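Same protein, same chain, two forms; see structure 1 and structure 2 below, as structure tokens.
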Structure 1
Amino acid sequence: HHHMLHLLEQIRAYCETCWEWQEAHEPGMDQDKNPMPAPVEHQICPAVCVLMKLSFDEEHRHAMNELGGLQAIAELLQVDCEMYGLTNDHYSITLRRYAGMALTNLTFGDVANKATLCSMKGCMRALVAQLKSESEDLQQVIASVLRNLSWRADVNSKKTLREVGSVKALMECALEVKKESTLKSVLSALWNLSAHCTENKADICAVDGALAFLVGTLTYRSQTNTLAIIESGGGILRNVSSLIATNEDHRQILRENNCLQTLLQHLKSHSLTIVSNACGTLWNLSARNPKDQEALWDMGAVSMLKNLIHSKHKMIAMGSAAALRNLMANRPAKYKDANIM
């Protein structure tokens, strides 16, 4: 499409102008000597707006991909972030939101485009830095990019997502988020990242207050949690629980936040995702700790798990049966025949 080529050319030309400015701009001069390019003066927002709107259609995305659109839009977002930093300027915030939305659409279902954007490590660093923006709407857009990039990440993309500090940045972002729709995007990205490798799990667990926060996302008894929050927080917990099971300090954080009690409540949920997540978490936590095994026995876990072993869903069937096996292999003294007497 020639309008699309026309728009991408405009964006590329602006970026080039910005790079040439960055390379010529000398320290300690007047504001007037070598003026910064202003995207308003180059009609950039309306260009990226049109491309964002077009990016919702798969045929328009195909045309964009043939003309290098992902790279052009990414370079634009990056250069604006580098030039202007964490600004509250409405034009800049809007530009960044539209660019990020386009990048979300262009990385959806497209393994090649995910790999390409991850390879742009300078852009990736700029994206991660925007999670500290005062705009929770920009936070949501950035988290949505990172969510898509972390879904079906290839070996190199996983390494890069880790390298640029996306896990710590997202977890720290989560602790301060007030808007549910922003939190949903942030937790969905973390759910993907938490599955990539053990080091990502450790990085989540290492953020001060993060485990208590995550257990907080599980509760029904909340004026802020929605179903989506419970699902995604529980998914993160399921993934990181393989590590937590081996760390007494982290188990203690879970204990003191009533995690086992809440997971047993989750077994009774009508939500398949919630039950699934709880079965995987209990699989892990029911191993190798007598204190937690006894609490589970006291609260009736054995029967609650037995009821789920015939599920058609692998995670429920396997996780419930495995947690049950762990409890049956480690019967507390007070439930042994010789002690009930």
Structure 2
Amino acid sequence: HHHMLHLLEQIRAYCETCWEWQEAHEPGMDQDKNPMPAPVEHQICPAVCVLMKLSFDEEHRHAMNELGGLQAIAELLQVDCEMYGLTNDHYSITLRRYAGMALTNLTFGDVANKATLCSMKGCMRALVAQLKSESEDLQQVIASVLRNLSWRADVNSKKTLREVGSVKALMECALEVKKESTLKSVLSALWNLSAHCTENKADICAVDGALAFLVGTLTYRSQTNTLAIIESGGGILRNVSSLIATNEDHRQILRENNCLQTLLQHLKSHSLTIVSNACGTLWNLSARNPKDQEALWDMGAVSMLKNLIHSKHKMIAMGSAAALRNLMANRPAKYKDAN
């Protein structure tokens, strides 16, 4: 893998020229007139393109990992982001896409690489900033990296992902993306992030229009005939539902979109993931709210939940039974008065 080593050296050298330049040219401070490096003049995009293509293969990934390929690619992505900012320049967008694709491939299934990339704080900030790119393809690539980093995140990674503002940035991104594949990556990352801590759940719920959008995903209609968006949107909803349950304003947003009625339809889904997410959401929404308790009674929820308590899937079993016992502990007056 001598050519690969050569390509990594090409990009490390280019980064070195960039860092030296950044160090020696602080705006407002005395400095020479030597020009800022441009990646187009050093064949950078072709190099990262070749690396991105090789990174699909586990054998080339092994050879990259021995050579420190992840750090070299991350450093290039970071430095181009710092030098040029949010640009629509095709060359810059293309190099950042290819760098991100490689980072996605190099983090997949790879505990050590995820840890390394999260430790690159400057790179993590650069990644989060790219979610505002006008290139939806770049947004998809960045969300893919964040999805992988957020999966099985260690304590340090969880903290870094939170501190760089990935949650708010991804939720805001979700509200505007057009393609299903971008949305899949963005919601998958959010499904992972929303399980990490209470603060991430709050941050999602705080974004203007986020809850309505998540409720909307429960009835998303895939043009590719998959259930990935309903599963991920519903998975985020389940994870933040513990907070929704104690916020009347947020419950009202759900009501305006007939959320409870949709979750009951989800109990009859042929997808266990969809059923599980619905059971988890109902577990929370069925607690400590007379209005939504009565609504669930009225919509026949008791029988639907009772149907699931023998399931044998931990979360369907747990959630269905917890929702059922909430409803049974809170039989509405109009049922009690009617005997």
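The first residue in the sequence of structure 1 is number 1, and each one after it adds one. Whichever C-alpha set is largest while still superposing within 1.5 Å between the two forms counts as the rigid core.
Core-based superposition between the two structures shows that, of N156, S222, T198, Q261, only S222 has its Cα displaced by 2 Å or more. After superposition on the rigid core, displacement of the C-alpha of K291 between the two structures stays below 2 Å. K306: CA moves less than 2 Å between the two structures after rigid-core fitting. Here the two forms are laid over each other by their core, and the C-alpha of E26 is off by 6.0 Å between the two structures. Relative displacement of the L211 Cα between the two structures on rigid core alignment is 0.6 Å. CA movement of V50 between the two structures equals 1.1 Å, with the two forms superposed on the rigid core.
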